[PDB]
Each structure stands twice: as structure tokens, then as C-alpha cells.
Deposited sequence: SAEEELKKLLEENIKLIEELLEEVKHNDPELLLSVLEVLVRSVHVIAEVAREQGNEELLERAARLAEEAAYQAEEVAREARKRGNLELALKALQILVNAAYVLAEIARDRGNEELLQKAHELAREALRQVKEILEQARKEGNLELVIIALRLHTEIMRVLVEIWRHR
């Protein structure tokens, strides 16, 4: 009756194999795998609240935690290389990983706090890109940064709602 149980394991396995395969590839391609990963992790959380499966939550929490650091590494290197566009994309996947991590926390304060620092770090990083973008005079890039700035803020209010 549980055909999705095979499909659930099949999906993460294909993503994890791709993630290791794409690790050496272009950062933009790496961000694409992380985008699908955090999109996948949300449904593994959605299919563990329906289940009594607490073990599946630990799996999704580890993958969301690992996806968070991967987005952070690409964000640090991209900003160092001068690419604010690819960098700003990385914080987007970073906060998205933090958002699902906060959802994973509900039904462990340490996971909620861990997701909080992930969101807090993202807000700190985008602030540097936003303030820098205003200095460079690129109003178009400030929109993307301000668009992101709202998204971390929108996520950050949810942690308060989670208490």
C-alpha cells in the first residue's frame, strides 16, 4: 500500500547522487540541485507529519542542514569573486533551507535556534550586499537584494510565530 515509501527513498537517493556529482561542477548548477533538495525536503517533512515517522524528520533535518551550509559556501565564494547575482541566489536557497529547518524543529528548540542563526546569518549577509549595491549605484541589483531582504524577514517572523 506504501508505494511512495520506495519513491520517497528513490527521490532523495537520485538527488544525493546528483549533489555529489554536481559538487565539482559549476556553482550555478550546484544551486539548482540545492533548490530541488530543499523543495524535496519540505515534502519529506510533509510525509513525516502524516506518518508517525520521527526517523524521517532526522533525515530531512540533516539534509536541510547540509543544504544550508552548501548554499552558504557558494554565497561566500560568489561574493568573494564579485558575482552578487549568483551570491544573492545562494542566500535565497539558504533561507529556504532555514525555513524548512524551522518547520522540522516543530514536533526541539536547538533545531529552531539552529534555523534561527541560519536565517539571522542570511539577513546579515544580504544587508552587506544591499548596502554595497546602493553604493555602486546599481538600483536594479538593490531590488533583487531588497526582494530577498523581505523574504528572510518574512521567514524570520515565522520563528516568532513558532513560539
Q | Missing CA stretches, deposited numbering from 1, N-terminus first | A | 1-2, 110-111
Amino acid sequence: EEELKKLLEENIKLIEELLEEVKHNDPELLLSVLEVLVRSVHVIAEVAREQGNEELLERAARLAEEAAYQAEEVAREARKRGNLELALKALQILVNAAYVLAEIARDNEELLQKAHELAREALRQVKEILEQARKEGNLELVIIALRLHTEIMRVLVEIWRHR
From here on, numbers count along this sequence of modelled residues.
Q) Quick one: higher average CA temperature factor, 117-125 or 96-104? A) 117-125
Q. Which has higher Cα B-factors on average according to the PDB entry: 127-135 or 41-49?
A. 127-135
Q.
Out of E65, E28, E110, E35, whose C-alpha atom has the biggest B factor in the entry?
A. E110
Q: Taking the chain's C-alpha temperature factors as the reference, tell me which third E17 falls into: lowest, middle or highest.
A: lowest
Q: Select lowest, middle or highest to describe the third in which the CA B-factor of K89 falls within its chain in this entry.
A: lowest
